[PDB]
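Visitor: Based on what follows, work out the 3D shape:
(chains A and B, ligands or ions: 3)
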Amino acid sequence: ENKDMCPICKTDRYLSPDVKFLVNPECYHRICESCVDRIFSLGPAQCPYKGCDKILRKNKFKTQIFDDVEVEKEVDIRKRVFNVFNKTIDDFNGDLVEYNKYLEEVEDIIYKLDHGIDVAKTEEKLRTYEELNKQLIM
Amino acid sequence: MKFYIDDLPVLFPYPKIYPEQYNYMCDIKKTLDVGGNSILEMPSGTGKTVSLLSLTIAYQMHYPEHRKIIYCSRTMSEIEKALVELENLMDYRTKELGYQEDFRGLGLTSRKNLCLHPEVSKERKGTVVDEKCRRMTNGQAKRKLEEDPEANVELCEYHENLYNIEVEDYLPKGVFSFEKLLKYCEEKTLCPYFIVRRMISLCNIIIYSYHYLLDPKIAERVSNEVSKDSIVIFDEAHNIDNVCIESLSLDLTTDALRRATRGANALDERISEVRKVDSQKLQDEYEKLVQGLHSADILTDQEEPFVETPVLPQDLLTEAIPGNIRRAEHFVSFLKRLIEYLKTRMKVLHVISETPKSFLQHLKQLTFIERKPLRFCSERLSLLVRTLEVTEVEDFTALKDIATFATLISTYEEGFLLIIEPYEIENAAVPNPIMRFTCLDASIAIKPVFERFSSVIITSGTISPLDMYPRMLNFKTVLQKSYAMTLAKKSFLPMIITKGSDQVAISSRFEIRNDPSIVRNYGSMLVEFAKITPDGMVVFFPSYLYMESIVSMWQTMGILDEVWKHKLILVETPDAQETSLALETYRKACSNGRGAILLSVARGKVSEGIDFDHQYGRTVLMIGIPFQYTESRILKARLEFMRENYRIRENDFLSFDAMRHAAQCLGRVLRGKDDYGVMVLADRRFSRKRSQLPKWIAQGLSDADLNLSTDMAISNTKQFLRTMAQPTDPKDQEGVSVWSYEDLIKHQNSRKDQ
Ligand code: SF4
Ligand SMILES: [Zn+2]
Ligand SMILES: [Zn+2]
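Guide: Numbering: from 1, shown residues only, chains lettered A, B, ... in the order given. Ligands and ions are numbered 1, 2, ... in the order given. Dropping the coordinates below:
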């Protein structure tokens, strides 16, 4: 937060926190404009956010401004899952139990995705997304 | 005395009577025969409560239909006031009739001021007391107690002795005024709380505050036995919309937002810990979801129900499963996502106001959480916590604040309004945004009781105009009848002090600040009033921040030392224990020798329920007119609604409210027709709002008494106090205005049947 907002500018709340601390949809990290720009400009290099080695991508970042990254992961994961499972049957005929259960199943992957317990079911959730994406293509 | 309404023997508690009481008996009984509302402004100069209780007590025990009576005074000071008087009438009625009571009537306020469990009761805030008793007497904690005889679940043992003898029967016979109820229940070591709540199904008449009728969070236990064919009275019903808008509005601060994260993690901890030990229960409530909203153990809860329904009592709720939310990890991941979309609208840079839907859409824009699952948050959290059976709520306090908001904004539309103030302009440019959310139509809250109840009465000493209420509240009336004060004497002085000695118009509308002309002018008027009025004098600033600024620099000048030579000075502090310690010492000094001066805020707590008798009030004052656009645009928004939904302008609404509380303050110094005292008005605008005052006040405010300088005000009240100090008791002109005992009513009025 006020003590971790970048590899470079970790303390940025009182350093005019107007510059953008982007999460790469694959970084989930607080990267001040200096480092994140430095990175995607050269390209997908890691954001050195506190020993980090995860590739701060090229210009594919999203916006997450300090939204409790446990939520930012929980928010970024749910939308893609809710997009991968976009409308797998939820209003095909108007059912409320199955749709909500399918909904109760829908974000249960996201809750698992936001958790990633011992991951072997999150991988199973990914195969469902590929199955959901394969079903979407057809 | 026992006359007739041509059908109703009336055991009026006093052998004497008053004329306006009888016209009230006439028109209320005229209102009780035909289903109507008939707002009846009863000037507090007479005893409206005595006239109210004597006839309805007659009506219900004369007629066989209206078995239940309801009487909603604003505050709990007025609750016991009705309780003690009903007790006196009841005794007097027995004193003439014998034993024809078969009557139970109990007041109904709360746990904290009724909890006889000391440790529970020694606490201060409402929350811990009630919750102590809960963990102390919980249908789970008790289960934790009898199933596991152990030290962990205490019980009040008042709840238990409630449970033993009391929940078969009732308290012996009394109309237990709060003084009487507690003593008995403390003598019977009975929790008068768990007692009185369970004889709601048994009391003939019930006395409770507006919140329990209007605040839906506590208006859930509504039982049709007290409700169905019952007869309803609204006493002191001018502050109805404010209580309604109060009972439906909501706030948020980034700091409270921080608290929810802790609970959300603490839930993310609390959900995680129960599920490892016992998730087979947590699934058990998942199928208890898929069948329905789980009413078997979310509403049928003796001591369990955790999160109340901030929404109206269960009208606008659907019964299905909350979409995704069936899962608790959903719910916490869902709650993990909702607490963060507020923080970004929290930090919204300036004031922005949204409708519940556009915000709901804008929410749906950033995150597609449907309105329908969103609406289910309140009871969804309530149950889980009890399935969590959590030990503490403090980590979860900011959690239920959000459940109230999400249910509200996802349910209501087109009557409410969001607004995003990112600061308080009184300390602007600091981190303290607020997510203000409030209602605009006060008809909404009253519509169900107007939809539910048939025979209702609206009665106050102050209601003016009696038509603003049918407009705002959107309801039908029959006898909107008020009565004038027919007196054989003057008995009070309303004055318009527009000018000071400098002949200078005065106000608090200029600022909430100092302008040594007006301030010293105000200081001069106060110090001379402190010289002239007898023991008991009160004043009413438009705003406390007006009081604080003006008073502080009044001690700066020598104005405070002089009144300290004459009288006692007793301030109104926000903490009311000090205020109470002030007020009783004001009344004590009023009943004692050295004069007592009580200075309060027109919009403050003292004006709501506290009375000023002969000695406790002589000369009320009103420095300027109470106005609120000192503060931000929330009134503008509702006023805009007041302007768009109703044909009500800015000034007409503001002057109505300003004179609504102006009228509310002036009438307390008077108790009966034998009471007197000065009600001076001190502002230029009071010259033009003489009509906005209630009739009985307006009848007393004459043309020559307009825009008076402060100087001839003192001469007028000087002769007033002298002449009033005389014992002007003809006892035959009082045959006109007292209508001597049972005859001048039976002689003259039974001649008046023309
Ligand atoms: S009602 Fe009973 S359990 Fe509740 S606070 Fe009072 S004494 Fe304690
Ligand atoms: Zn940096
Ligand atoms: Zn990162």
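Visitor: so after the helix ranked longest in chain A, what's the next helix or strand?
Guide: Under DSSP state H, the helix in chain A containing the largest number of residues is helix A:97-115. Following helix A:97-115 in sequence order, the next helix or strand is helix A:121-137 (DSSP states H and E).
Visitor: tell me which residues in that following helix are buried?
Guide: Going by neighbour count (16 or more other CB atoms under 10 Å in any protein chain shown), the buried part of helix A:121-137 is A:121-122, A:125, A:128-129, A:132. Every C-beta, even on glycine, is put in place using the N, C-alpha and C of the backbone.
Visitor: Quick check: residue B:345 touching residue B:434?
Guide: No - when contacts are counted by CB atoms under 8 Å, residue B:345 is not listed as touching residue B:434 (11.2 Å).
Visitor: Now residue 57, what are its backbone angles?
Guide: In the absence of a named chain, chain A is used. Phi and psi for residue A:57, reported as degrees, to the nearest 10, are phi -70, psi -180.
Visitor: residue contacts, it?
Guide: A:24-27, A:40, A:44 (CB atoms under 8 Å, 6 or more residues apart in numbering or on different chains).
Visitor: Try it again at 6 Å.
Guide: Counting by CB atoms under 6 Å, 6 or more residues apart in numbering or on different chains, residue A:57 touches A:24, A:26, A:44.
Visitor: Please report the distance of residue B:635 from residue A:77.
Guide: 44 Å (CB to CB, to the nearest Å).
Visitor: does stretch B:361-381 come close to chain A?
Guide: No - using CB under 6 Å from any CB of the partner chain, stretch B:361-381 stays clear of chain A, coming no nearer than 6.6 Å.
Visitor: First residue to last residue on that stretch, what's the distance there?
Guide: 23 Å (CA to CA, to the nearest Å).
Visitor: Check the burial of the closest residue to chain A within the stretch 601-750 of chain B by counting its neighbours.
Guide: Of all residues in the stretch 601-750 of chain B, residue B:632 sits closest to chain A, at 26.3 Å by CB to the nearest CB. Counted with other CB atoms under 10 Å in any protein chain shown, residues neighbouring residue B:632 total 17.
Visitor: Quick check: residue B:497 touching residue B:710?
Guide: Yes - in this structure, residue B:497 is within contact of residue B:710 by CB atoms under 6 Å, at 5.4 Å.
Visitor: Would you mind telling me which of these two has the busier surroundings?
Guide: Each of residue B:497 and residue B:710 has its neighbours counted (other CB under 10 Å); residue B:497 has more, 29 against 25.
Visitor: what are the bridge partners for the closest residue to the more buried one other than its chain neighbours, then?
Guide: If the residues on either side of it in the chain are set aside, residue B:497 comes closest to residue B:682, at 4.0 Å by CB to CB, 6 or more residues apart in numbering or on different chains. Following DSSP bridges, residue B:682 is listed with bridge partners residue B:623.
Visitor: returning to that earlier point: please say which of residue B:635 and residue A:77 ends up with more neighbours.
Guide: Applying other CB under 10 Å to residue B:635 and residue A:77 shows that residue A:77 carries more neighbours, namely 23 against 19.
Visitor: What separation do you get for the residue nearest to the more buried one when sequence neighbours are not counted and residue A:121?
Guide: Distances taken as CB to CB, 6+ apart place residue A:113 nearest to residue A:77, at 3.7 Å, with adjacent residues excluded. According to CB to CB, residue A:113 and residue A:121 sit 10 Å apart.
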